[PDB]
Amino acid sequence: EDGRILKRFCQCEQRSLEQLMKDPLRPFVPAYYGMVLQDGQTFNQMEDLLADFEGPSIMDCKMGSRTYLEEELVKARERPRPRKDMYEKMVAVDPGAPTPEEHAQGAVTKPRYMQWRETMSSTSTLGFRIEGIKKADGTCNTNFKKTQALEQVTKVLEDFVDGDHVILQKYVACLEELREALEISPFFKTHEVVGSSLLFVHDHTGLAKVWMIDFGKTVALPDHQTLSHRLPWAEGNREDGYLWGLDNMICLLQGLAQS
Ligand SMILES: O=P(O)(O)O[C@@H]1[C@H](O)[C@H](O)[C@@H](OP(=O)(O)O)[C@H](OP(=O)(O)O)[C@H]1O
């Protein structure tokens, strides 16, 4: 559309957006405009987050210690469904990361793949991981499958803010105010948030912002029930590591800001 973007419909994201529009997180999420049909498909219509920017830099971090839903792991034993998809996306990073049985099948299960991807990157050590970068100069990078150690992550962050400090201060101020809103938010408090990202965008005019995006697997907990989002995940507990991720992120960016 026009200052608007169409995203492939899914129910879970619809229901999350319509709730978030009424939540203290509203300022930190893309405006939600409703749905539409076009060229044979159904779409959620969304705010174009880039609208206000001139030649933006852009970074997307997946947030959390766990990236798959629990009924993926408890449904991976009852009726297992191995994927060609994921074996290849795995072998294209580490061959012989597969097991001699996974080898002969050309197939890995989802929780297995998602698990391996969590340990091969910063997710299991920091509770967040860089997924994507596009810089002011036209270059970009989505190859972060082995970005794991604290010093690899900080190098990428350094290159992205590109010595602008200013812009880096602005981003810690966004993340710090995000965190105050997450802590008092009924939506966050009553949802499992897995697979979602923080989108960092900024300009040579010094404009900077962070949004929460991707609510395709943000799930409602049963009545009155809450998460700390800090406590470590164990099958049954539904913990996220979302706020563990955020705390670590804020800490590291402040560390850059001293520098
Ligand atoms: O980043 P990678 O290594 O390419 O892995 C994909 C990525 O983790 C997506 O976020 C995930 O969708 P969800 O997080 O929404 O599950 C998807 O699952 P899919 O292929 O089964 O959709 C993975 O293939």
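Here, residue 1 is the first one in the sequence, and each next residue gets the next number.
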task = Under the side chain to side chain contact (heavy atoms under 4.5 Å, CB included) rule, what do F200 and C174 come out as? Steps first, then yes or no, please.
result = CA-CA 10 Å; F200 287 69; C174 300; over 6 Å; no
task = Could you walk me through whether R66 and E192 pass the salt bridge (charged side-chain N to carboxylate O under 4.0 Å, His left out) test, one step at a time?
result = CA-CA 10 Å; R66 170 174 59 91; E192 203 188 310; 2.8 Å; yes
task = Applying side chain to side chain contact (heavy atoms under 4.5 Å, CB included), run through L221 and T226 and close with a yes or a no.
result = CA-CA 7 Å; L221 298 216; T226 72; over 6 Å; no
task = Run the numbers on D240 and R230 for salt bridge (charged side-chain N to carboxylate O under 4.0 Å, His left out), then give the verdict.
result = CA-CA 7 Å; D240 249 343; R230 256 167 200 124; over 6 Å; no
task = Give the C-alpha distance, both sets of side-chain angles, the deciding distance and a yes or no for side chain to side chain contact (heavy atoms under 4.5 Å, CB included) between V193 and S196.
result = CA-CA 7 Å; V193 187; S196 91; 3.5 Å; yes
key: Worked check of side chain to side chain contact (heavy atoms under 4.5 Å, CB included) between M212 and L182   = CA-CA 11 Å; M212 294 182 268; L182 296 160; 4.0 Å; yes
ask   = Stepwise, does the ring-ring contact (aromatic ring centres under 6.0 Å, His included) test hold for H202 with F53?
value = CA-CA 7 Å; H202 79 260; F53 295 89; 8.3 Å; no
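Listed for the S57 side chain is a donor-acceptor partner under 3.5 Å among the backbone atoms of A136. A donor-acceptor distance shorter than 3.5 angstrom exists from the side chain of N237 to the backbone of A234, with no hydrogens or angles considered. Formation of a donor-acceptor pair under 3.5 Å by the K170 side chain with backbone atoms of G206 is found in this model. Although no hydrogens or angles enter the test, the distance criterion places no donor-acceptor pair under 3.5 Å between the side chain of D23 and the main chain of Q19. With hydrogens and angles disregarded, no donor-acceptor distance shorter than 3.5 Å links the side chain of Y87 to the backbone of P98. Proximity of a side-chain donor or acceptor of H229 to a complementary backbone N or O of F188 within less than 3.5 Å is detected. A donor-acceptor contact shorter than 3.5 Å is absent between the side chain of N44 and the backbone of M35. Panel note: side chain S185, backbone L25; no donor-acceptor pair is recorded below 3.5 Å. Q152 places a side-chain N or O within donor-acceptor distance of the main-chain N or O of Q148, the cut-off being under 3.5 Å. Looking only at distances, a side-chain donor or acceptor of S122 sits under 3.5 Å from a matching main-chain atom of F128.
Counting heavy atoms from C-beta outward, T154 and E158 have side chains that approach closer than 4.5 Å. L20 places none of its side-chain heavy atoms less than 4.5 Å from the side chain of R26. Residues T218 and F187 form a side-chain contact, since some pair of their non-hydrogen atoms from C-beta on lies under 4.5 Å apart. The shortest distance between side-chain heavy atoms of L50 and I58 falls below 4.5 Å. The shortest distance between side-chain heavy atoms of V36 and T42 does not fall below 4.5 Å. At a threshold of 4.5 Å between non-hydrogen side-chain atoms, the residues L199 and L49 count as touching. A 4.5 Å side-chain heavy-atom check between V108 and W116 finds every atom pair outside the cut-off. Between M63 and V194 there is no side-chain heavy-atom pair separated by less than 4.5 Å.
Between the CD atom of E47 and the CG atom of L17 there is a distance of 11.5 Å, given to the nearest 0.5 Å. Taking CD from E176 and CG from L253, the interatomic distance works out to 10.0 Å, rounded to the nearest 0.5 Å. Going from atom CE of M46 over to atom CD of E1 covers 14.5 Å, rounded to the nearest 0.5 Å. Interatomic distance, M114 CE to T67 OG1, rounded to the nearest 0.5 Å: 3.5 Å. Note that OG of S197 is 11.5 Å distant from CD1 of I130, once rounded to the nearest 0.5 Å. A distance of 8.5 Å separates OG of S259 from CG of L168, quoted to the nearest 0.5 Å.
Across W211 and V201, no two heavy atoms sit closer than the pair CZ3-CG2, 3.9 Å. Between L227 and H191, the shortest heavy-atom distance links the atoms CD1-O, 3.8 Å. When all heavy atoms of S65 and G241 are compared, the pair lying nearest together is OG-CA, 3.3 Å. Among all heavy-atom pairs drawn from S124 and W244, the shortest one is O-CH2, 3.4 Å.
Partners of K7 under the salt bridge (charged side-chain N to carboxylate O under 4.0 Å, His left out) rule, at least two apart in sequence or in another chain, are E13, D214. With sequence neighbours left out, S121 forms a side chain to side chain contact (heavy atoms under 4.5 Å, CB included) with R117, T123, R129. Under the rule for a side-chain hydrogen bond (donor to acceptor under 3.5 Å, both in side chains), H165 has no partner lying at least two apart in sequence or in another chain.
The cationic atom of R8 (NZ for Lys, CZ for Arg) does not lie both less than 6.0 Å from the six-membered ring centre of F43 and within 45° of the ring axis.
Under 3.5 Å, the side chains of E239 and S228 contain a donor-acceptor pair of N or O atoms. If you check the side chains of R15 and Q11, you find a donor sitting under 3.5 Å from an acceptor. Defined by atom type and a distance below 3.5 Å, a donor-acceptor pair is present between the side-chain atoms of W233 and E70.
Linking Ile, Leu, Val, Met, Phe, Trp and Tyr whenever their side-chain heavy atoms come within less than 4.5 Å leaves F144 and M90 in two separate clusters. The hydrophobic cluster containing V166 does not contain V172, counting ILVMFWY residues as joined when their side-chain heavy atoms lie under 4.5 angstrom apart, directly or transitively.
The local environment of CD in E78 is sparse, with at most 12 non-hydrogen atoms from other residues, nucleotides or ligands closer than 6.0 Å. Counting non-hydrogen atoms of neighbouring residues, nucleotides and ligands closer than 6.0 angstrom, the NZ atom of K209 reaches no more than 12 such neighbours. Annotation: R179, atom CZ; neighbour count of heavy atoms from other residues, nucleotides and ligands within 6.0 Å is above 12. For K145, the NZ atom is densely surrounded, since the number of other residues' heavy atoms within 6.0 Å is greater than 12.
A salt bridge links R77 with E235: the closest approach of a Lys/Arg side-chain nitrogen to an acidic carboxylate oxygen falls below 4.0 angstrom. Between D94 and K146 there is no salt bridge, since no side-chain N of the basic residue sits under 4.0 Å from a carboxylate O of the acidic one. Using a cutoff of 4.0 Å between basic side-chain nitrogens and carboxylate oxygens, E72 and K110 are not scored as salt-bridged.
Under the 6.0 Å cut-off for aromatic ring centres, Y68 and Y113 do not qualify, their centroids lying 6.0 Å or more apart.
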